[PDB]
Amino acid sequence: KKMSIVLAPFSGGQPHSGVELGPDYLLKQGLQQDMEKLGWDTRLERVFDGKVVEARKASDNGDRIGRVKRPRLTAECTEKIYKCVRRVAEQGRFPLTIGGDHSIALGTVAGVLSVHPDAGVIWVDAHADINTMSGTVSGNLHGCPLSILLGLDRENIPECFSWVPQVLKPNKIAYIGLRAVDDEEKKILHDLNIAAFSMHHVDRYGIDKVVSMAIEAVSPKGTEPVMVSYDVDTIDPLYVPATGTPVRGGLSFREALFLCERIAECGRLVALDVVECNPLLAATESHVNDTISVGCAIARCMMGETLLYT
């Protein structure tokens, strides 16, 4: 039971500052101590310095191609994450990656699927993060991870993204908590027939059923390895006051946590990402002690922490 806590302080797909501090902030909440307690031989893994990267981020303002922003910077860092996470996996360690915006999933998913090819991917998020290079209206790369992993709009994908392995197939990615999907993305999910569970399904069926469905969706046979990429903005703002992309009708804190428990309960979780943690963006005290307190909770629950005896 070895685990590697991958620290990815990247704020590319994200505008300015805030989301790079997540890794450190989480670790301060005792994230590693919690993991050790749950019985995990934990080892940290710093893929790069958030302070330096954040630096070049601000200065370097000419990293663009179309409306797409920071292709070079984002391609450079996500490749390092891929490599790191890939080794961690090969070494037989569990990759727990702490972001950082959701653009890091480009290196995490690639990393995990490279070693675990038949692994399913449950994307817990309010957004589909599947805009293509030419489709993206905002150009923020944290909303285009999936389009790149799935190889959509190949023609328009940068040279700096040639390092991306084509290991993710549409029937291996399921969404949970969607409620802010762009028109372009709605057609994409439909056309590729991607198992997408929006807030409608949670309201209609309840979380338990949705998780069961999402799990079945990426697991033809009830034995496949499973990876969850958890965006904390999935959780309704009321619960995630310290983030940067929420809307009307998110998951309750209870649902957000129960979901984890059902996953831990499954017993086939192979990797986990926790992203979009912005302590700064929220000038209150119950705000900063949330996206990081929430992050640790998600981590603890995902990793087995239960309410009763286990």
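Here the rigid core means the biggest group of C-alpha atoms that line up within 1.5 Å when the two forms are laid on top of each other. Throughout, we count residues from 1 along the sequence that is shown.
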With the rigid core held as the alignment frame, decide whether 292-300 or 12-20 lies farther from the shown form in 6 other deposited structures of this protein, in terms of RMS C-alpha distance. 12-20
Kindly name the stretch, out of 247-255 and 39-47, whose CA atoms are displaced more from this form in 6 other deposited structures of this protein after the core superposition? 247-255
Mean Cα B-factor check, 70-78 vs 227-235, entry values; winner is 70-78
Per the PDB entry, mean CA B-factor is higher for 142-150 or 159-167, namely for 159-167
Comparing recorded Cα B-factors across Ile65, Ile263, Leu272, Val275, which one is largest? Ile65
Chain-relative CA temperature factor third for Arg254: lowest
Quick one: classify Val202 as lowest, middle or highest third of the chain based on its Cα B-factor. lowest
What third of its chain's C-alpha B-factors does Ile173 belong to: lowest, middle or highest? middle
Among modelled residues of the same chain, the CA temperature factor third for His127: lowest
Please say which third, lowest, middle or highest, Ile104 falls into when its CA temperature factor is compared across its chain. lowest
